[PDB]
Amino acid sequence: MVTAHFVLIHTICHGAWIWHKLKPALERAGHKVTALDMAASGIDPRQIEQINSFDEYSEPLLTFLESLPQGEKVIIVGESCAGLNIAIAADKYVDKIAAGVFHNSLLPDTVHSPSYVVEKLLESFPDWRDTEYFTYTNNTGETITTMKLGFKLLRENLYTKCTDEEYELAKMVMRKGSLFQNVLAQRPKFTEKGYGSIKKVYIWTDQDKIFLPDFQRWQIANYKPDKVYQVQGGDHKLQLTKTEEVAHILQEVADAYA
């Protein structure tokens, strides 16, 4: 068994804290784990209204990869919307990425616009329930839509099978988030030499109540991952409801690609 360095990237609205179970589980097997707050996420001090694009939102990941000792490679694990962070990172630091791992995650491709799978997600799940939407104006006058995830959506669609303590934790540290969808729609496509070339492992459960089974299967058919690991049971937050099974899969990713 290989040991690897895993970089865990939370989804919009969330923070590094979502990985509080997975990080020590991985460390038990001797892996290195880095869990980062993206901009205006977790306890990052920036407010979302000062962030102008999904690329700017991903700054902490890019900054960390720039500082990685030369010659080292990482496995980037992204949950939910963080597949976009993986693609952004791979188009700057392909040489530093052993694999990208998608965890009930958006799976961008190279032949469509970066906003493509966001559009498809929202078509598949258009009603975010008690989630509240806000707008602000960015750097160049664009209106950015932010969301505060609703408590019922959190309880029933994101944390469906998580403990009550985990759900209360989520409410206690959740931040606003944004897809920056209109800015993604004008962004250059992810490149073949960068994102297109990395190994891609897709982890998912058909019990996910926001990234629904027809949507996730559509993503898999749209851009075939190198490996697909389906996990039985759990919910959208497999790193909480199926922590050990995720850690075991991540070991297999290290054995294959690290």
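Sequential numbering from 1, following the sequence displayed.
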ask   = With respect to the recorded C-alpha B factors, which stretch has the higher mean value, 218-226 or 63-71?
value = 63-71
query = In the PDB record, does 186-194 or 27-35 carry the higher mean Cα temperature factor?
reply = 186-194
message = By the CA temperature factor listed in this entry, which of these ranks top: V117, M174, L154, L84?
response = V117
remark   = The largest CA temperature factor among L169, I76, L149, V94 is found at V94
note = In terms of its chain's C-alpha B-factors, the third that includes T205 is the lowest
inquiry  = Can you tell me whether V7 has a C-alpha B-factor in the lowest, middle or highest third compared with the other modelled residues of the same chain?
reply    = lowest
key: For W128, the third of its chain into which the C-alpha B factor falls   = middle
query = Taking the C-alpha B-factors as the PDB entry records them, is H103 in the lowest, middle or highest third of its chain?
reply = lowest
key: Cα B factor band for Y159 (lowest, middle or highest third within the chain)   = lowest
